[PDB]
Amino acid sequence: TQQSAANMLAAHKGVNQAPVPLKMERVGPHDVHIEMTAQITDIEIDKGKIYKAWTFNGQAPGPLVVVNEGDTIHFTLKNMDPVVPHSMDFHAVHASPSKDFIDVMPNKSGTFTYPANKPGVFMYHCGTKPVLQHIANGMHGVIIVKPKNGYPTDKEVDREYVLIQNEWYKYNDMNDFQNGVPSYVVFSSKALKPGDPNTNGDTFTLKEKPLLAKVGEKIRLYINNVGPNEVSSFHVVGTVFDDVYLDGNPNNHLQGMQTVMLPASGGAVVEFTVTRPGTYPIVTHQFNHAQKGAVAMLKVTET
């Protein structure tokens, strides 16, 4: 295991591949092209701590993907990793894992086609053995599938953001990945509209640069806890969730939740009102994880 890690260290030594933009375009009323990369990219996960992350597109978690319910995805993965194969598993899709979530070799590309027939906030991740290693090293993200008939509370929502929770462990350390507590637990935000922040899973960015909102607004968060290993007790300080849709399916409706339990890979659409000006921490209420980085901020102003 650690001999392989020593070999990995030599092969990825000095490798820092600049982020490559996600490419997407609609090619039919129910067909969409998506082109992503697997690449090796240095990310500062805490001040003074660089993690040479295994990523989609040089982000960890990876870039946001948004499609409509009923879209068939024509997906291409370009593997830029000089030595490790990589793959893609979208939780949104119906696919044959052994035919459609297969490995793409270093310096090669693979193309796969599958439908997204279910609305919600789905995890995506690399599906290459050991899957734990590929996820823990940074190969995770979110795909949102917009419901054909929306959510019953759509008209009430004033502003929206995407938040993702993930853990970071000791660098490419399989023993730690399997047996150790996370070194950091973090939130990131991925842009839905021009001007939205787009950040990586780190301990600081969403504290230094809070998400922004106005007094009185109803805020929707599309959220997913990608793990790899921990569950999340999602809570926004100073408010209560008016409405919650588990995994973002409109049918899984809950009301007036203080805290939303998310399994590893679990998602939700949560909506809440901010009644007063100020800064509202966003946490996992498992406070050991909050202490290890998992606190984002929402700054609410009159204007």
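Residues carry their position along the shown sequence, with the first being 1.
Chemist: Mean CA temperature factor from the deposited coordinates, higher in 190-198 or in 123-131?
Modeler: Taking the mean C-alpha B-factor of 123-131 and of 190-198, the larger value falls to 190-198.
Chemist: Averaging only over Cα atoms, indicate whether 174-182 or 207-215 has the higher B-factor in the PDB entry.
Modeler: Per the deposited B-factors, the answer is 207-215.
Chemist: Among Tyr151, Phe90, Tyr222, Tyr169, single out the one with the highest C-alpha B factor in the record, please.
Modeler: Of the options given, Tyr151 has the highest CA B-factor in the PDB entry.
Chemist: Where does the C-alpha B-factor of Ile164 rank in its chain, lowest, middle or highest third?
Modeler: Lowest third - that is where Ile164 ends up once the chain's C-alpha B-factors are sorted.
Chemist: With respect to C-alpha B-factor, does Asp42 fall in the lowest, middle or highest third of the chain as deposited?
Modeler: According to the entry, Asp42 has a C-alpha B-factor in the chain's middle third.
Chemist: Tell me, lowest, middle or highest third: where does the Cα B factor of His30 rank within its chain?
Modeler: Top third by C-alpha B-factor.
Chemist: Based on the entry's values, in what third of the chain does the Cα temperature factor of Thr76 lie: lowest, middle or highest?
Modeler: Middle third by C-alpha B-factor.
Chemist: Ranking every modelled residue in this chain by its Cα temperature factor as given in the entry, which third contains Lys99?
Modeler: Within its chain, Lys99 is a highest-third residue by C-alpha B-factor, going by the deposited values.
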